[PDB]
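Please find one structure pasted underneath; my questions will follow.
For clarity, chains are labelled A, B, C, D and E in written order, and residue numbers in each chain start from 1.
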Amino acid sequence: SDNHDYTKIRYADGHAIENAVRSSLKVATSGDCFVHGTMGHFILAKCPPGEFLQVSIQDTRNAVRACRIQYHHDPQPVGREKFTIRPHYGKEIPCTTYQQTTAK
Amino acid sequence: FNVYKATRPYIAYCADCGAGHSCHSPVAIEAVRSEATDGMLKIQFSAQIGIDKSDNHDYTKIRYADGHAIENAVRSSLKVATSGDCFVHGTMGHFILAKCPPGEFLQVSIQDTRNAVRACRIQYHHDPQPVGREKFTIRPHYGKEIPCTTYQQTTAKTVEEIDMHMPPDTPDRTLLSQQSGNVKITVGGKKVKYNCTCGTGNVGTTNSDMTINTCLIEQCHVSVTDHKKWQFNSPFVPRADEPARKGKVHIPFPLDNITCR
Amino acid sequence: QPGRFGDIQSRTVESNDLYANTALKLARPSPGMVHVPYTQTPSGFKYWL
Amino acid sequence: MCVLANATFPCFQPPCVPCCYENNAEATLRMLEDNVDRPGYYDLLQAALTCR
Amino acid sequence: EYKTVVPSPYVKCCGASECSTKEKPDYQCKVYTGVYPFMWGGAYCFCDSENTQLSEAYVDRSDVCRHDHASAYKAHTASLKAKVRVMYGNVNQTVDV
């Protein structure tokens, strides 16, 4: 119905356009990823290093369709030490990231 | 013998609570102990397991703290993962025993009463080298026995202990409301202290709801001062009283010798 | 010396006396945060292992 | 051999016997707290919380 | 192995606590001015800039020290002790010498 509700994920099957549950969405490169901004055709994810990338969603039939591409994805965090998770004491250094602004 | 009555879950700064945003978490990991040569890790997280909010010792419930009240969640929502889904053996109090695949980070998570996940991640190497002269992944059907050291289930037996102390304070703005140029401080059955610098307002402690007339919320301060329960000495919740008045509590899962195939 | 073998030192297993130079240079807390930062040379016993 | 105020009571048998914690939580935590260094403390913790 | 126990920092609200030096191994003591703690609800200290926090850490023996610990020794001249099996005629016996 072109309502902007968030709980629903829109897809096409056959020639009809159906929906499914938003919480279905799963992104995984090696393990489960975490999604931050889900809007439109685009999904933002922070993901652990791997070699592939798979995105998944259930139908109205509750059958999982997902699809996979080959992406290197070895992220090197900024600065001069490769750390896995952010420390509790440290410096602030400028990284560039994507924000949720739809605007301008 | 519920020594856990005294104890209470605490809200502990957790630098990486999923999605890379720092947050104040019920489940903040505060120590990882890896002296077991078997591979089991002892995780220190902020919220006791198996001592319900009513202080019965039932095991299906994991007790944690939100706001100031103590809520409980289902045990089976506990998940620990280093790179893959780890496996838990031992749960009592603040201590969880996990065997985990090699990784670089370490996550603990439980589901809230509102069925939302809350997790904490910490940076831990965890490259277990099993005892002996061969780096094997799982034990074979045929082999030697060498002494490994691992953590057992025997809930008590001396030596190994942690320091508890009185919860410092808990500043909140929920208790303050503005009633038409007065400041109404609700209490909700917990001792509450206030420092209003509105002149006459004065500082003080009460156990029952009251209010201060002709004052602004942005000018007063308030913090709830519990003293009935007890808390962990954790570096991320401040102290409460000079030179430290530190009580003690036995910690589960001592280590001892087992045969290692 | 810190980091190498002997970071901690103790005459007997049960002795109370203890000598440690682990270089505990506790640092200034970050603004707007309760914590106690400390930068410390890791245990010399694991290095020796 | 645990010292509360001036009681100097024996650590086995609490001055608040029985159900020390149920009477006055704050006071009990203080009573335990005061005897942290005493070698007999865990007789006080064994007595103090648990009760029927 | 050691465990670097660090208790909760004292944060003296609108006051200055200078650090009192209790002798314990590698005890490291500092009192910082200008802190402004933030617990979950909001700032734990009203006073804007005159807050201080006394942060202290000390190192002690790990809880497994009795079990996993390297022992350093000095060796002097040693005493050989053997088992010798001796045999003559019908006597065949092994002894410790």
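Please note the rule applied: a contact is a pair of C-beta atoms (placed from the backbone, for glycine too) under 8 Å apart; a residue touches a chain by one contact, two chains touch by 3 or more.
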Partner chains shared by subunit C and subunit D (touch criterion as defined above)
B
Via touching chains, subunit A connects to subunit D in a minimum step count of 2
So the centre of each chain is just the mean of its C-alpha atoms; given that, what is the distance between subunit A and subunit C in Å?
41
Between subunit B and subunit C, centroid-to-centroid distance (C-alpha), Å
25
Separation of mean Cα positions, subunit E and subunit C [Å, integer]:
7
Set of subunit B residues in contact with two or more other chains
13, 235-238, 246
Touching two or more other chains in subunit C are residues 29, 33-36
At which residue positions does subunit D touch at least two other chains?
none
Give every touching pair of chains, nothing left out.
A-B, A-C, B-C, B-D, B-E, C-E
In the complex with subunit A, residue positions of subunit C that touch it:
27, 29-30, 33, 35, 37
What residues on subunit A touch subunit C, complex-wise?
88-90
Touching residues on subunit D, where the partner in the complex is subunit B
21, 25-26, 29, 32-33, 36, 41-42, 45-46, 49-50
Residue numbers on subunit B that touch subunit E, as the complex places them:
11, 24, 33, 35, 37, 149, 159-160, 163, 165, 168-174, 195, 197, 221, 223, 233-239, 242-244, 246, 255
The subunit E residues in contact with subunit B across the complex are 1, 5-12, 17, 20, 37, 39-44, 46, 53, 62-64, 66-68
